[PDB]
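Starting off, we have a lone chain in the form whose entry title says "open form", written out as structure tokens.
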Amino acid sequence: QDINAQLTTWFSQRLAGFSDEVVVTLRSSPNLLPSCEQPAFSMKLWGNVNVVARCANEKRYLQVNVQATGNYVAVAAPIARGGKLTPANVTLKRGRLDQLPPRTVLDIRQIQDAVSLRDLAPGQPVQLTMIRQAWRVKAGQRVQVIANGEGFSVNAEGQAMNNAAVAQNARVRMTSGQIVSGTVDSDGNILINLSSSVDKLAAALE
């Protein structure tokens, strides 16, 4: 029961913070098990995984099944496409992590300012493919364009032409109809960082 106890302890410690119940089952032939007392294990965190087990003169490829139970983010109330994920409509549920659909959110902090891309039903695990970050800037919104660099500062008002989250690109129509583009910041401003532009900016003032 040596290898089974060692693998159980190894995956339990590796899964600290993800799971409080880790069960390991060997799927490969016991004839290909490491011979040494303390094999070095190395490596997907759970489910059907391959583990390399090294001993002096051995490099075993073990196939194991890892059952890991812990918390994951699930839908707690109906959420419409475009609906904000809140503490009223998404919660932590306890379940078999190894049976979850791909890219299920495990940490409730990952869903802060998230918005649903789909109509979601209660009990559904929240997957990264079902959600997006909220729009800090929305199409048609009055925004501030801030350009800085080479002893120059420009502050101008415009209308956001597209929806954009923080750190995403936003095109902005200036009052004349000229379109500029920059990065959305936490304040909903559009940031531009400035070779001929600093020369062009000064030339515009002439």
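Counting begins at 1, following the sequence as shown. Between two forms, the rigid core is the largest collection of C-alphas that superpose within 1.5 Å.
Engineer: For the stretch from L194 to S195, please bin the deposited residues that the model skips: none, 1 to 3, 4 to 9, or 10 or more.
Structural biologist: 1 to 3 residues lack coordinates between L194 and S195.
Engineer: Can you count, per the entry, how many deposited residues between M43 and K44 come without coordinates? Answer none, 1 to 3, 4 to 9, or 10 or more.
Structural biologist: Unmodelled stretch: 4 to 9 residues.
Engineer: Using only the Cα atoms and their B-factors as the entry lists them, report which of 165-173 and 49-57 averages higher.
Structural biologist: Result of the comparison: 165-173.
Engineer: Look up the CA B-factors in the entry and say which stretch, 114-122 or 70-78, has the higher mean.
Structural biologist: Averaging CA B-factors over each stretch, the winner is 114-122.
Engineer: For the CA B factor values reported in this entry, which option in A160, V154, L26, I179 has the top one?
Structural biologist: Of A160, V154, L26, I179, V154 has the highest C-alpha B-factor.
Engineer: Please rank the C-alpha B-factors of the chain's modelled residues and tell me whether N189 sits in the lowest, middle or highest third.
Structural biologist: Highest third, going by the recorded CA B-factors of the chain.
Engineer: Could you tell me which third, lowest, middle or highest, the C-alpha B-factor of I3 occupies within its chain?
Structural biologist: Within its chain, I3 is a middle-third residue by C-alpha B-factor, going by the deposited values.
Engineer: If you rank every modelled residue in this chain by C-alpha B factor, which third holds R103: lowest, middle or highest?
Structural biologist: It falls in the middle third of the chain.
Engineer: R132: which third of its chain by C-alpha temperature factor?
Structural biologist: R132: CA B-factor falls in the middle third of its chain.
Engineer: Rank-wise, by C-alpha B-factor, drop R109 into the lowest, middle or highest third of its chain.
Structural biologist: Answer is highest: the recorded C-alpha B-factor places it there.
There is another form of the same protein, the form whose entry title says "closed form"; it is not shown, and what comes next is about it.
Engineer: Is the C-alpha displacement of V66 equal to or greater than 2 Å between this form and the one not shown once the rigid core has been superposed?
Structural biologist: Not so; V66 is displaced by less than 2 Å.
Engineer: At a 2 Å cut-off on C-alpha positions, does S28 qualify as shifted between this form and the one not shown after fitting the rigid core?
Structural biologist: No, because once the rigid core is superposed, the C-alpha of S28 moves less than 2 Å between this form and the one not shown.
Engineer: Using the form shown as baseline, tell whether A77 and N163 are closer or farther in Cα-Cα distance in the other form, where the change reaches 3 Å or more.
Structural biologist: Compared with the shown chain, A77-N163 is farther in the other form.
Engineer: Do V126 and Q168 have their C-alpha atoms closer or farther apart in the other form than here, with the shift being 3 angstroms or more?
Structural biologist: Closer in the other form, by 3 Å or more.
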